[PDB]
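Colleague: Dumping the structure here so I can ask a few things about it.
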Amino acid sequence: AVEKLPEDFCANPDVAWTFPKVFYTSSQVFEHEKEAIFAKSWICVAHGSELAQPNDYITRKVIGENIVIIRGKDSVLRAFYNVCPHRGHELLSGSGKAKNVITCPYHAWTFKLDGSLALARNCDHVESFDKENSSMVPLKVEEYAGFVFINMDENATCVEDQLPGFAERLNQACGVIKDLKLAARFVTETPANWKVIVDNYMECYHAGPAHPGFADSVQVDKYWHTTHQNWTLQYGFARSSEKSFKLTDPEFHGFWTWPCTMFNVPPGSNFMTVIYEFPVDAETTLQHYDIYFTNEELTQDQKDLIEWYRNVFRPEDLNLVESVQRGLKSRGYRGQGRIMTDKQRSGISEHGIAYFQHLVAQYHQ
Amino acid sequence: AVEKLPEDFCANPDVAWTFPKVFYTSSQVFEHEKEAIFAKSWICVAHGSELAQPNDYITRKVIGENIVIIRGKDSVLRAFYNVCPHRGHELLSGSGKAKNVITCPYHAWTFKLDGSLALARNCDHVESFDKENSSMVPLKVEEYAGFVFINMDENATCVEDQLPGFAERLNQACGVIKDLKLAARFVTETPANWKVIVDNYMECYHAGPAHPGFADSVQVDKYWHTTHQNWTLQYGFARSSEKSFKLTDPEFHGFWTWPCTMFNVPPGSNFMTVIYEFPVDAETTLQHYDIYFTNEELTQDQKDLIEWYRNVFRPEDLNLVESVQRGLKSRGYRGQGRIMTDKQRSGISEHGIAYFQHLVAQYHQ
Amino acid sequence: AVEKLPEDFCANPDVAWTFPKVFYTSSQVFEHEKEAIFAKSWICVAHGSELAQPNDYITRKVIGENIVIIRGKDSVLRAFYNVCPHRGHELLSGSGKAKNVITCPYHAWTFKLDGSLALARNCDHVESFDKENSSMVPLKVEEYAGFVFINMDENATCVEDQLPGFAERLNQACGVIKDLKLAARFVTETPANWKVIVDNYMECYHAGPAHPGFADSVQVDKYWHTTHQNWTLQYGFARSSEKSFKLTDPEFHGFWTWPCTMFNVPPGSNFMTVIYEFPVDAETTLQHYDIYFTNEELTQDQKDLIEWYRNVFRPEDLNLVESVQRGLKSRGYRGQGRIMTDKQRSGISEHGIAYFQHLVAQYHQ
Ligand SMILES: C[N+](C)(C)C[C@H](O)CC(=O)O
Ligand SMILES: C[N+](C)(C)C[C@H](O)CC(=O)O
Ligand SMILES: C[N+](C)(C)C[C@H](O)CC(=O)O
Ligand code: FES
Ligand code: FES
Ligand code: FES
Ligand SMILES: [Fe+3]
Ligand SMILES: [Fe+3]
Ligand SMILES: [Fe+3]
C-alpha cells in the first residue's frame with residue numbers, strides 16, 4: 001500500500017514526532033516526492049551573479065535531470081534540459097561563457113542560446129523534418145530574491161507564489177545581495193534523505209553538543225524560530241568568536257525555504273552562505289554549500305573563514321545526517337522520533353521540524 | 001511464488017544435493033532467512049574477554065543492525081541497538097571503554113550504561129515527554145561456552161536451548177577458553193551467501209587440492225564429522241608441520257554451530273580460532289576470523305602462525321567461496337550439486353553439508 | 001505492461017525514429033533481450049587464431065555467463081560454461097594453454113578437454129553417483145568467417161543461417177583473415193545500453209564533428225551503407241592521413257552483424273579491427289576492441305596506429321555513447337530521436353540505424 005500520512009501530521013508542534021521511518025528510506029516515497037514535489041516546485045540553483053552576463057551559463061543536476069541555465073545573447077535568462085533533441089547527447093558541461101551557438105558534440109546540430117535549432121546538417125534532405133519541433137526543450141526559470149529558480153512544471157506560476165514574503169524578508173536581512181559574489185563552493189553527495197538534511201537545519205538543539213566554535217559566536221540564548229508560508233526564519237544575536245566568526249550588534253539569519261534551500265546571513269550581515277539540496281534518491285542528496293562575499297579579492301579572514309566552514313563546521317553537520325540515515329533503518333529505532341518542542345519556543349526548541357514535516361505531509365494524502 | 005523446500009530435504013545424506021541455486025542468490029530468500037533465522041536465533045559476536053570489565057563495550061553489525069554490547073558499571077552485560085531514541089543518531093563506535101554515561105553526539109542526550117535515559121536537555125519543558133519510553137532499546141545477550149551471543153527475539157530462551165550440549169562438548173575440546181585473549185582479527189566483507197560459507201566449512205573434501213600446509217598437519221586420514229543438535233564436530237589427528245602448525249598426540253577440533261559460527265581448537269588445543277558469519281544480503285557476508293591465544297605477549301611462532309592464517313590459509317577459503325558464488329548463477333550450473341557422502345563417512349565425506357542444509361530447509365516450508 | 005513495439009517499427013527508414021527511450025534503460029526489456037536474443041543468437045567471441053592449436057583456450061563473459069572455449073587435445077573446438085558440475089567453482093581463468101586435463105581448484109575433480117569427467121576423487125564410494133551426468137556442461141561453438149561464435153541455444157542451426165552471405169562478403173573485403181593475429185585488445189565496461197552502441201556504429205553522420213583524424217583518411221563523400229540479412233556494410237574510399245591511417249586506392253569496410261559484433265577492414269585491407277559487444281545489463285555493455293595484424297612483430301606504424309586507436313579514436317566513441325545513455329533518461333529528451341535518413345542515402349544518412357532497430361523490434365511483439 002502507498003504510505004500516506006494524516007493531514008494533521010505535525011500540525012501541533014507541542015506534541016509531534018518526525019515521520020515514520022519509511023519516509024526517509026522508501027524508494028516508493030522518493031519517487032512520489034520527486035514527482036509531486038521537486039518536478040512541480042521552484043528549485044533554487046544559483047546566485048544571480050553566476051548568470052548576470054550574456055552567454056553566462058551553469059549546469060545543475062537535480063532528481064536525475066541535467067539542467068542548463070543560460071543568459072541569452074539578448075540578456076534573457078533561460079533554462080533547458082541539457083540533452084540534444086536528436087540523439088540525446090548532452091550539450092554543455094560545467095559553467096562558463098557559452099559560445100554564440102550551442103554545438104552538440106555528437107552530430108554538430110547547432111542551437112541559438114535561446115534553444116532554437118539553428119543548423120542541423122543535412123536536415124533539408126530528411127523527409128518531413130520538423131525544425132521547430134527539434135529545438136532544445138526548455139523549463140521555467142525565475143530570478144527572485146537575487147537568486148535563480150527553475151521549475152519543471154510548465155504551468156508553474158512564480159516563486160513568490162511558493163514563498164510569499166520571502167524576498168521581502170530576505171532583503172531586510174541582507175541589503176547587499178545583488179553585490180554578492182560566489183567565494184567558494186563545497187560539493188558533497190550526502191548519504192541522507194533530503195528531509196533528514198532539512199531536519200538538521202530546522203533546529204538549534206544540537207548547537208552546543210555538536211558545534212563548539214559556532215555556538216560560541218551565535219548565542220542561542222537569544223534565538224527565535226519564526227514560521228511563515230513555506231519558509232521559516234531563525235535569528236539570533238552574536239559576538240566576535242575566535243572559533244568561528246571574529247569581529248555593532250552582530251546578528252544571525254537562517255531562512256529555510258520550501259522545499260530544501262537555506263539562506264544564511266551570518267554575523268556582520270555583509271555576506272551569505274546558501275545550502276542547496278538536490279535530491280538524487282531516497283538515501284542520497286547532492287548538496288551545494290556556497291559562501292558568497294561582495295568582494296572578489298578575498299581577505300585572509302574570509303579565506304580562513306572559508307576553510308573553517310569546509311574543514312570544521314560543515315563536516316560536523318555532514319557526519320550528523322549520515323549517522324542519522326544509518327540509524328533510522330535499525331529495528332531498534334522504533335518508527336518515529338520526538339520533536340523536542342517547548343512551550344516557550346526557546347532557542348533549543350525543535351518546533352521548526354514540525355512546520356516542515358506538516359508541509360511534507362500534505363504530499364502524502 | 002515463495003521458494004519452499006521439502007521437509008525431507010537432505011534428510012538422507014547418502015543421496016543428497018545442495019539447495020537449488022535460488023537459495024544462494026535470491027533476495028526474497030535472504031529476507032526470509034534474515035527474519036525467520038537471524039532475527040530469532042542466538043548470534044555469537046565475541047569472546048568473553050572483550051567484555052569482561054565494567055564499561056567494556058563492542059559494536060557489531062549483522063543483517064543491517066548496528067548492535068552495542070556493553071558491560072555495565074554494575075558488571076551486568078547488556079546489549080542495545082546502537083541508535084539514539086531521539087533522532088536516530090548512532091551512539092558508540094568501535095570497541096573500548098565506555099565513559100560512565102553514553103552521550104549521543106547529536107543532541108547530547110545521556111544514557112546510563114544500562115540504557116536508561118539519564119539527562120535529555122530541555123525534557124522538562126517538552127509536553128508529555130516520556131522519559132521511560134526514551135531509553136536505549138535493548139536486545140537479549142548471553143554469555144555461553146565462554147563466548148557472547150545476542151538475540152533480537154525478545155521471547156528467545158537461552159543459547160543452550162539452541163545448541164544443546166555444545167558448551168559441554170567445547171569445554172572438553174578446550175579447557176583454557178576463559179583464559180583466551182583476542183590475538184588478531186581479520187575482517188572481510190565476502191561476496192558469497194552465508195550458506196555457501198557454511199558449505200565450505202562443513203567438508204574436508206577440498207583439503208588436499210586447496211590447502212597444502214594445513215592438510216600436511218591435520219591428517220584427514222583419521223578424521224570424523226559427527227552431527228549433533230544444531231551443531232557438528234570435525235576432529236582429526238595431526239603432527240608438526242612447517243607449512244601450518246609446528247610442534248603429545250596433537251588433535252584438531254572444528255565445531256560448526258547454528259546458524260553460522262564455527263569454533264576451531266587446532267593442534268595443541270591451547271588456542272582457538274573462530275569464524276563469525278554476519279550476513280549482509282543474499283550475496284554478501286561479513287566475516288570475522290579471530291585468533292585467540294591465552295598469552296597477551298605473542299611469541300613469534302604465534303605471530304608467524306597469525307600471518308600464515310592471514311596470507312596463506314584464509315585467502316584459499318576466501319577465493320573458493322567467492323568463485324562458487326559467481327559460478328552457481330550460471331545457467332550451466334544445473335540447479336543443485338551432489339554432496340559427496342560415502343557410506344563409510346570417510347574423512348573426505350561431504351555428509352556435513354546435508355545435516356546443515358536439512359536444518360536450513362525447515363525454514364522454507 | 002510489457003513494452004512492445006509495432007512490427008513495422010523503422011520499416012520505412014525515410015520516416016523513422018529510434019526506440020522509445022524505455023528500450024535503452026528498462027531492466028525488464030534487457031531481461032527479454034538477454035533471453036530472446038543473446039541466449040538464442042550466435043555470439044562472436046574471438047578470432048580463430050586464439051584457438052588454433054590443441055589445448056588453446058579462452059574465457060569470455062556475456063549476459064552473466066562465464067564461458068570457456070577450448071581446442072581439444074584432439075583438435076576439436078568446444079565451448080563450455082566455466083563452472084564445475086560439483087559445487088559450482090569456476091574452472092579456468094584468462095586464456096592460454098590448458099593442461100591435458102581441467103582440474104577444478106576446489107575439490108580437484110578432473111575433466112578431459114572435451115568436458116567429460118575423468119576422475120572425481122571418492123566417486124566410487126558415493127551412492128548412485130552419475131559420472132556421465134557430471135561432465136562440464138557444453139554449449140554450441142562454430143568457426144565461421146575465420147572467427148568463433150558460441151550459441152547458448154542447444155537447438156541453434158549455424159552462423160550462416162543467422163548472417164546469410166556474410167562470410168562470403170567478408171572474405172571479399174579481406175583476403176588474409178586466416179593469417180590475422182591479435183595485435184592488441186582494449187577492454188572497457190561501457191555505461192551504455194548495447195543498442196546505443198550499435199546505434200553509434202551504424203552511422204557516419206558524426207564523423208566530421210567527432211573524429212578529425214579518421215574523417216580525414218576515410219572520405220565520407222564517397223561512402224555507402226548497404227543493408228543485407230542481419231548485417232550491413234559501410235564502405236568508403238580513403239587516402240593517406242597523418243591523423244589516423246598513413247600510406248593503390250585505399251578502401252574502408254565496416255560490417256555490422258547481428259546482434260552486435262562489427263568487423264572493420266580499414267584502409268589497406270591487410271588488417272582488421274573488431275568490436276565485440278557483450279551486454280551486462282540494460283545500461284552496461286562490455287566491449288572488446290581488437291586490432292589484428294598478420295605479422296606478430298609489429299612495426300612502429302602499427303604500434304603507433306594501435307595507440308592512436310586507444311588514446312585518440314576509441315575515446316571519442318566511448319565518450320559519445322556514455323553521454324547519450326545519460327541524456328536519454330532526461331524528461332527533456334522526449335521519448336525518441338529522429339533518424340536523419342536522406343532520400344539519396346548519402347554518406348551521412350542515418351538509415352543504418354533503422355534497419356538495425358527494425359530487426360530488434362521483431363523481438364518485442
Ligand atoms: C539554521 N541553523 C543555524 C540551525 C543551521 C545553520 O545556519 C547551518 C549553516 O549556517 O550552514
Ligand atoms: C572444519 N574445517 C577443517 C573443514 C575447516 C577449518 O576448520 C577452517 C578453519 O580452521 O578456519
Ligand atoms: C562504421 N563506422 C565507420 C561508422 C564506425 C567505425 O568503423 C568504428 C571503428 O572503425 O572502430
Ligand atoms: S545528438 Fe545532438 S546533434 Fe545528434
Ligand atoms: S539523536 Fe541522540 S540526542 Fe538527538
Ligand atoms: S566444485 Fe569443482 S570439484 Fe568441487
Ligand atoms: Fe548544525
Ligand atoms: Fe578450507
Ligand atoms: Fe565513431
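Identifiers for the C-alpha cells are assigned positionally: chains receive A, B, ... in sequence, residues are indexed from 1 per chain, and ligands are indexed from 1 in the order shown.
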Give one line per residue of chain C that approaches ligand 8 to at most 12 Å, naming the two atoms of the closest pair and their distance in Å to one decimal, counting only C-alpha atoms and all ligand atoms; sort by chain then ascending residue number and deliver it as CSV.
Modeller:
residue,atom,partner,partner_atom_place_in_ligand_line,distance
C:105,CA,ligand 8,1 (Fe),11.8
C:106,CA,ligand 8,1 (Fe),9.1
C:107,CA,ligand 8,1 (Fe),10.4
Colleague: Next, write the just-selected residues to a file, as a PDB file, in the first residue's frame, keeping N, CA, C and O atoms as the atom set.
Modeller:
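Result file out_33.pdb:
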ATOM      1  N   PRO C 105      39.714 -26.189  -9.077  1.00  0.00           N
ATOM      2  CA  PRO C 105      40.550 -25.798  -7.931  1.00  0.00           C
ATOM      3  C   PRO C 105      39.960 -26.139  -6.563  1.00  0.00           C
ATOM      4  O   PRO C 105      40.683 -26.053  -5.563  1.00  0.00           O
ATOM      5  N   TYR C 106      38.684 -26.514  -6.479  1.00  0.00           N
ATOM      6  CA  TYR C 106      38.017 -26.686  -5.181  1.00  0.00           C
ATOM      7  C   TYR C 106      38.239 -28.097  -4.640  1.00  0.00           C
ATOM      8  O   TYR C 106      38.896 -28.290  -3.610  1.00  0.00           O
ATOM      9  N   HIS C 107      37.716 -29.091  -5.328  1.00  0.00           N
ATOM     10  CA  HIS C 107      37.759 -30.499  -4.885  1.00  0.00           C
ATOM     11  C   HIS C 107      38.526 -31.378  -5.874  1.00  0.00           C
ATOM     12  O   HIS C 107      38.313 -32.568  -5.766  1.00  0.00           O
TER      13      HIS C 107
END
Colleague: Could you work out which residues of chain A fall inside 10 Å of chain C? Count only C-alpha atoms, and format the result as an MDAnalysis selection string.
Modeller: chainID A and resid 63:67 80:91 103:109 120:130 134 136:139 152
Colleague: What's the 7 Å shell around residue 144 of chain A, counting only C-alpha atoms, without same-chain residues fewer than 4 positions away, as JSON, numbers by chain?
Modeller: {"A": [148, 159, 167]}
Colleague: Would you pick out the contacts of segment 237-250 of chain A at 9 Å or less, using only C-alpha atoms, so that residues sharing its chain but fewer than 3 positions from it are not included, and give the list as a PyMOL selection string?
Modeller: chain A and resi 212-223+266-269+301+305+308-309+313
Colleague: Check every protein, DNA and RNA residue against ligand 1, keep those with an atom at most 6 Å away (counting only C-alpha atoms and all ligand atoms), and present them as a ChimeraX atom specification.
Modeller: /A:201-204,254,264
Colleague: With N, CA, C and O atoms kept, could you save the residues just selected as an mmCIF file, in the first residue's frame?
Modeller:
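After the write, part.cif holds the following:
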data_model
loop_
_atom_site.group_PDB
_atom_site.id
_atom_site.type_symbol
_atom_site.label_atom_id
_atom_site.label_comp_id
_atom_site.auth_asym_id
_atom_site.auth_seq_id
_atom_site.Cartn_x
_atom_site.Cartn_y
_atom_site.Cartn_z
ATOM 1 N N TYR A 201 18.744 21.214 9.788
ATOM 2 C CA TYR A 201 18.839 22.666 9.734
ATOM 3 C C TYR A 201 17.777 23.350 10.584
ATOM 4 O O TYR A 201 18.029 24.426 11.140
ATOM 5 N N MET A 202 16.606 22.738 10.707
ATOM 6 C CA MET A 202 15.453 23.357 11.325
ATOM 7 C C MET A 202 15.549 23.480 12.841
ATOM 8 O O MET A 202 14.639 24.062 13.446
ATOM 9 N N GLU A 203 16.621 23.015 13.474
ATOM 10 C CA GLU A 203 16.729 23.139 14.922
ATOM 11 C C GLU A 203 18.125 23.588 15.334
ATOM 12 O O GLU A 203 19.112 23.391 14.612
ATOM 13 N N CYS A 204 18.183 24.179 16.522
ATOM 14 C CA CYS A 204 19.406 24.594 17.190
ATOM 15 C C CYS A 204 19.686 23.771 18.442
ATOM 16 O O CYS A 204 20.663 24.042 19.148
ATOM 17 N N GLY A 254 18.841 32.788 9.482
ATOM 18 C CA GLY A 254 18.801 31.486 8.843
ATOM 19 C C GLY A 254 17.425 31.159 8.302
ATOM 20 O O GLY A 254 16.526 30.782 9.061
ATOM 21 N N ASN A 264 21.703 31.814 4.596
ATOM 22 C CA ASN A 264 22.283 32.238 5.860
ATOM 23 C C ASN A 264 22.917 33.609 5.703
ATOM 24 O O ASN A 264 23.690 33.851 4.769
#
Colleague: Taking only C-alpha atoms into account, name the residue in A:300, A:257, A:270, A:133 that is nearest to residue 169 of chain A.
Modeller: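 Answer, going by the shortest atom-to-atom distance: A:257.
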Colleague: Enumerate the residues of segment 109-181 of chain B with a DSSP assignment of strand (DSSP E), computed from the backbone, and present them as a ChimeraX atom specification.
Modeller: /B:110-112,138-144,147-151,181
Colleague: For the residues in that selection, give me N, CA, C and O atoms as a PDB file, in the first residue's frame.
Modeller:
ATOM      1  N   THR B 110      21.875  11.832  27.403  1.00  0.00           N
ATOM      2  CA  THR B 110      22.747  10.901  28.114  1.00  0.00           C
ATOM      3  C   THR B 110      21.984   9.643  28.504  1.00  0.00           C
ATOM      4  O   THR B 110      20.784   9.689  28.787  1.00  0.00           O
ATOM      5  N   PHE B 111      22.712   8.523  28.564  1.00  0.00           N
ATOM      6  CA  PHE B 111      22.147   7.249  28.982  1.00  0.00           C
ATOM      7  C   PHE B 111      23.109   6.579  29.949  1.00  0.00           C
ATOM      8  O   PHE B 111      24.323   6.595  29.723  1.00  0.00           O
ATOM      9  N   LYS B 112      22.579   6.023  31.033  1.00  0.00           N
ATOM     10  CA  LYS B 112      23.400   5.143  31.845  1.00  0.00           C
ATOM     11  C   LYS B 112      23.812   3.935  31.010  1.00  0.00           C
ATOM     12  O   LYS B 112      23.216   3.636  29.969  1.00  0.00           O
ATOM     13  N   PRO B 138      16.899  -2.285  24.106  1.00  0.00           N
ATOM     14  CA  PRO B 138      17.777  -3.433  24.323  1.00  0.00           C
ATOM     15  C   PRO B 138      17.428  -4.636  23.452  1.00  0.00           C
ATOM     16  O   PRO B 138      16.353  -4.723  22.861  1.00  0.00           O
ATOM     17  N   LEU B 139      18.359  -5.588  23.423  1.00  0.00           N
ATOM     18  CA  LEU B 139      18.094  -6.938  22.947  1.00  0.00           C
ATOM     19  C   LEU B 139      18.780  -7.902  23.902  1.00  0.00           C
ATOM     20  O   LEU B 139      19.544  -7.495  24.781  1.00  0.00           O
ATOM     21  N   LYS B 140      18.500  -9.187  23.718  1.00  0.00           N
ATOM     22  CA  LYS B 140      19.000 -10.199  24.633  1.00  0.00           C
ATOM     23  C   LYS B 140      20.479 -10.469  24.396  1.00  0.00           C
ATOM     24  O   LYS B 140      20.973 -10.425  23.265  1.00  0.00           O
ATOM     25  N   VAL B 141      21.187 -10.782  25.478  1.00  0.00           N
ATOM     26  CA  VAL B 141      22.601 -11.118  25.413  1.00  0.00           C
ATOM     27  C   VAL B 141      22.874 -12.224  26.409  1.00  0.00           C
ATOM     28  O   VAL B 141      22.357 -12.212  27.532  1.00  0.00           O
ATOM     29  N   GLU B 142      23.698 -13.174  26.000  1.00  0.00           N
ATOM     30  CA  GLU B 142      24.005 -14.304  26.855  1.00  0.00           C
ATOM     31  C   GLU B 142      25.463 -14.687  26.683  1.00  0.00           C
ATOM     32  O   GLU B 142      25.993 -14.709  25.567  1.00  0.00           O
ATOM     33  N   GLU B 143      26.102 -14.947  27.812  1.00  0.00           N
ATOM     34  CA  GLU B 143      27.443 -15.498  27.866  1.00  0.00           C
ATOM     35  C   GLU B 143      27.321 -17.008  27.994  1.00  0.00           C
ATOM     36  O   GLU B 143      26.820 -17.521  29.001  1.00  0.00           O
ATOM     37  N   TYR B 144      27.780 -17.707  26.988  1.00  0.00           N
ATOM     38  CA  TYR B 144      27.656 -19.155  26.924  1.00  0.00           C
ATOM     39  C   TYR B 144      28.950 -19.682  26.341  1.00  0.00           C
ATOM     40  O   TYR B 144      29.526 -19.076  25.429  1.00  0.00           O
ATOM     41  N   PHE B 147      31.711 -17.535  25.337  1.00  0.00           N
ATOM     42  CA  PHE B 147      31.501 -16.550  24.271  1.00  0.00           C
ATOM     43  C   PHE B 147      30.208 -15.786  24.553  1.00  0.00           C
ATOM     44  O   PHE B 147      29.546 -15.995  25.579  1.00  0.00           O
ATOM     45  N   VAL B 148      29.878 -14.855  23.669  1.00  0.00           N
ATOM     46  CA  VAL B 148      28.785 -13.909  23.892  1.00  0.00           C
ATOM     47  C   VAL B 148      27.838 -14.007  22.712  1.00  0.00           C
ATOM     48  O   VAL B 148      28.268 -13.908  21.563  1.00  0.00           O
ATOM     49  N   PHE B 149      26.560 -14.227  22.990  1.00  0.00           N
ATOM     50  CA  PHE B 149      25.536 -14.315  21.957  1.00  0.00           C
ATOM     51  C   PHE B 149      24.510 -13.222  22.180  1.00  0.00           C
ATOM     52  O   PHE B 149      24.189 -12.905  23.329  1.00  0.00           O
ATOM     53  N   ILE B 150      23.982 -12.675  21.081  1.00  0.00           N
ATOM     54  CA  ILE B 150      22.843 -11.774  21.120  1.00  0.00           C
ATOM     55  C   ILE B 150      21.668 -12.444  20.421  1.00  0.00           C
ATOM     56  O   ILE B 150      21.830 -13.336  19.578  1.00  0.00           O
ATOM     57  N   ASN B 151      20.468 -12.000  20.789  1.00  0.00           N
ATOM     58  CA  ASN B 151      19.223 -12.463  20.183  1.00  0.00           C
ATOM     59  C   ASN B 151      18.281 -11.278  20.030  1.00  0.00           C
ATOM     60  O   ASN B 151      17.971 -10.590  21.009  1.00  0.00           O
ATOM     61  N   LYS B 181      42.649 -14.827  24.859  1.00  0.00           N
ATOM     62  CA  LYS B 181      42.727 -13.397  24.594  1.00  0.00           C
ATOM     63  C   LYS B 181      42.815 -13.179  23.091  1.00  0.00           C
ATOM     64  O   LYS B 181      43.580 -13.868  22.409  1.00  0.00           O
TER      65      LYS B 181
END
Colleague: Which is closest to ligand 3 among C:263, C:278, C:363, C:356, if we use only C-alpha atoms and all ligand atoms?
Modeller: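 Checking each candidate against ligand 3, we get C:263 as the closest.
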Colleague: Atom CA of residue 290 of chain B and atom CA of residue 38 of chain B, how far apart in Å?
Modeller: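 Straight-line distance from atom CA of residue 38 of chain B to atom CA of residue 290 of chain B works out to 20.8 Å.
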Colleague: Leaving out residue 34 of chain C and any residue of its chain fewer than 5 positions from it, which residues lie within 10 Å of it when counting only C-alpha atoms, given as a VMD selection string?
Modeller: chain C and resid 28 to 29 39 to 41 62 to 64 279 to 282
Colleague: Mind listing the helix (DSSP H, G or I) residues of segment 122-282 of chain B, per DSSP on the backbone, as a VMD selection string?
Modeller: chain B and resid 123 to 125 132 to 134 159 to 162 166 to 173 177 to 179 194 to 201 207 to 210 212 to 217
Colleague: Residue 23 of chain B: which residues within 10 Å, counting only C-alpha atoms, same-chain residues fewer than 3 positions away excluded, as a PyMOL selection string?
Modeller: chain B and resi 3-5+18-20+26-30+33+193+195-196+282+364
Colleague: For the selection just defined, write its residues with N, CA and C atoms to a file, as a PDB file, in the first residue's frame.
Modeller:
ATOM      1  N   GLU B   3       9.810 -19.573  -2.628  1.00  0.00           N
ATOM      2  CA  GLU B   3      10.656 -20.749  -2.814  1.00  0.00           C
ATOM      3  C   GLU B   3      10.620 -21.597  -1.549  1.00  0.00           C
ATOM      4  N   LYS B   4      10.010 -22.769  -1.636  1.00  0.00           N
ATOM      5  CA  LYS B   4       9.889 -23.652  -0.491  1.00  0.00           C
ATOM      6  C   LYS B   4      10.594 -24.964  -0.791  1.00  0.00           C
ATOM      7  N   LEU B   5      11.174 -25.553   0.248  1.00  0.00           N
ATOM      8  CA  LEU B   5      11.866 -26.821   0.124  1.00  0.00           C
ATOM      9  C   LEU B   5      11.072 -27.926   0.804  1.00  0.00           C
ATOM     10  N   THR B  18      22.906 -30.212  -2.770  1.00  0.00           N
ATOM     11  CA  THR B  18      22.777 -28.890  -2.182  1.00  0.00           C
ATOM     12  C   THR B  18      21.453 -28.248  -2.600  1.00  0.00           C
ATOM     13  N   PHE B  19      21.174 -27.096  -2.002  1.00  0.00           N
ATOM     14  CA  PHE B  19      19.978 -26.327  -2.322  1.00  0.00           C
ATOM     15  C   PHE B  19      19.897 -26.044  -3.817  1.00  0.00           C
ATOM     16  N   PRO B  20      18.697 -26.013  -4.400  1.00  0.00           N
ATOM     17  CA  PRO B  20      18.534 -25.321  -5.676  1.00  0.00           C
ATOM     18  C   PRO B  20      19.187 -23.951  -5.578  1.00  0.00           C
ATOM     19  N   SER B  26      18.812 -15.541  -4.181  1.00  0.00           N
ATOM     20  CA  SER B  26      17.547 -14.825  -4.158  1.00  0.00           C
ATOM     21  C   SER B  26      17.539 -13.780  -3.052  1.00  0.00           C
ATOM     22  N   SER B  27      17.148 -12.554  -3.416  1.00  0.00           N
ATOM     23  CA  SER B  27      16.877 -11.522  -2.424  1.00  0.00           C
ATOM     24  C   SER B  27      15.680 -11.884  -1.561  1.00  0.00           C
ATOM     25  N   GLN B  28      14.669 -12.528  -2.139  1.00  0.00           N
ATOM     26  CA  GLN B  28      13.492 -12.883  -1.355  1.00  0.00           C
ATOM     27  C   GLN B  28      13.835 -13.927  -0.301  1.00  0.00           C
ATOM     28  N   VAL B  29      14.646 -14.919  -0.677  1.00  0.00           N
ATOM     29  CA  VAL B  29      15.046 -15.957   0.269  1.00  0.00           C
ATOM     30  C   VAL B  29      15.861 -15.353   1.404  1.00  0.00           C
ATOM     31  N   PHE B  30      16.728 -14.392   1.089  1.00  0.00           N
ATOM     32  CA  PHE B  30      17.535 -13.799   2.145  1.00  0.00           C
ATOM     33  C   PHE B  30      16.667 -13.047   3.144  1.00  0.00           C
ATOM     34  N   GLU B  33      15.256 -15.681   5.427  1.00  0.00           N
ATOM     35  CA  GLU B  33      16.284 -16.168   6.339  1.00  0.00           C
ATOM     36  C   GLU B  33      16.690 -15.090   7.331  1.00  0.00           C
ATOM     37  N   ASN B 193      26.978 -15.942  -0.413  1.00  0.00           N
ATOM     38  CA  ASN B 193      25.873 -16.186   0.504  1.00  0.00           C
ATOM     39  C   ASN B 193      26.376 -16.892   1.764  1.00  0.00           C
ATOM     40  N   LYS B 195      25.304 -19.204   3.400  1.00  0.00           N
ATOM     41  CA  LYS B 195      25.212 -20.656   3.371  1.00  0.00           C
ATOM     42  C   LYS B 195      26.325 -21.275   2.539  1.00  0.00           C
ATOM     43  N   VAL B 196      26.771 -20.591   1.472  1.00  0.00           N
ATOM     44  CA  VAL B 196      27.950 -21.048   0.737  1.00  0.00           C
ATOM     45  C   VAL B 196      29.145 -21.180   1.676  1.00  0.00           C
ATOM     46  N   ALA B 282      21.897 -11.351   0.264  1.00  0.00           N
ATOM     47  CA  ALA B 282      21.917 -12.694  -0.314  1.00  0.00           C
ATOM     48  C   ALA B 282      23.283 -13.078  -0.875  1.00  0.00           C
ATOM     49  N   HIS B 364      11.899 -23.138   5.245  1.00  0.00           N
ATOM     50  CA  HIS B 364      11.319 -22.852   3.942  1.00  0.00           C
ATOM     51  C   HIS B 364      10.176 -23.815   3.639  1.00  0.00           C
TER      52      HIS B 364
END
